[PDB]
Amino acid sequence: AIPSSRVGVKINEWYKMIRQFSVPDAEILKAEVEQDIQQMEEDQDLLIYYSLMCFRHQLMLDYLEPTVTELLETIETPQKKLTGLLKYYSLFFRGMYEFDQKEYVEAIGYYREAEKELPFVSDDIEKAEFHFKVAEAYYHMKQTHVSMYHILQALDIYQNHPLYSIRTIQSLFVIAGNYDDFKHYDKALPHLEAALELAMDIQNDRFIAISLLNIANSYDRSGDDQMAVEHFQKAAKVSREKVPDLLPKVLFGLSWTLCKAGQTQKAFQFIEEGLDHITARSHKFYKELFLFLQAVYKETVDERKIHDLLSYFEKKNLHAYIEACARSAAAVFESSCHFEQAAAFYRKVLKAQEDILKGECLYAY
């Protein structure tokens, strides 16, 4: 599937040909875009940008039936709102394209230029939408303070529009997620609870299950295993009954929490259960996380399995998984006073941390 940002930048190129009134080139690019979309990931925002460009493209044809500069002013002046919106999209999707190739500094620059176009748009939801999507980007970029800044602007507008409950819940998740980055799970919890309540009002089962899962993970990480297990099982129930595709993630949290709580026998039950729900189509690695739980919390640690999994993770550059699993292994070995093994895993932890950071900075100004 083609990322919509990739299609967005080709539209930007299409636009360039239009503004220089090159019909042959514009037609080629227009034809290519119409093919790429047939294989593009879902993005209704991209399709809007496409349709507006189709209109702008037609304007070019209608005005060719004079210097480029002159002809350009003739078309744009009467089309202020169109020209302004196109400019906004070209910058937005260019920013997302840079973001998708991990050119973060470039992305930020486009995000900033894009925002400057918002004031010329008489629509508060459009503004919210920009802040929300950018907030997610900054979060992935681990610029968590900036993410919070933006997401708080989105949520403000969303709350003024009670019909936008979905975005409100998603905004609450983002806020909680951001707090999690600073290990302030207690600060995240209130937002997760509001999300749960809102989700139940609109009777959305998926978001009820997800909210409950998020609450459980919050408690698990804050150190309240009892509340964690309680909510995991609540999420499990709603999952098994109405949203089964969440079961693997739900059962892994439950299992991990039970293992850390010393209830490994009970955990092994949900581990085997989760392994049976996993399908080949899946794109997640819960299979490998489940296998790691079995190996490390087993009466006698399965060191070979552990090595193969960590090696597997190393291969796909899954350093976050390495850090988390290595953290667990270190604690398990410490518990039996096997400190040499422990130290070995602690070194893997510190290594994984540095490998994550290095992967976050690929530019070279």
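A residue's number is simply how far along the shown sequence it sits, counting from 1.
- The segment from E65 to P66 is interrupted, since 4 to 9 residues of the deposited sequence in that interval carry no coordinates.
- Looking at 200 to 208 and 88 to 96 together, the entry lists the larger mean B-factor for 200 to 208, computed on C-alpha atoms.
- Relative to its counterpart among 230 to 238 and 146 to 154, 230 to 238 has the higher mean temperature factor, C-alpha atoms as listed in the PDB entry.
- When the C-alpha B factors of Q265, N214, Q101, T257 are read from the deposited coordinates, the top value falls at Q265.
- Highest C-alpha temperature factor among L82, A137, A176, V243, as the PDB entry reports it: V243.
- In this PDB entry, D224 carries a Cα temperature factor that places it within the highest third of its chain's modelled residues.
- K116: CA B factor in the middle third of modelled residues in this chain (values from the PDB entry).
- Split the chain's modelled residues into thirds by C-alpha temperature factor. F313 is in the middle one.
- In this PDB entry, the Cα temperature factor of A280 sits in the top third of its chain's modelled residues, the highest group.
- In the deposited entry, the Cα temperature factor of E73 places it in the highest third of its chain's modelled residues.
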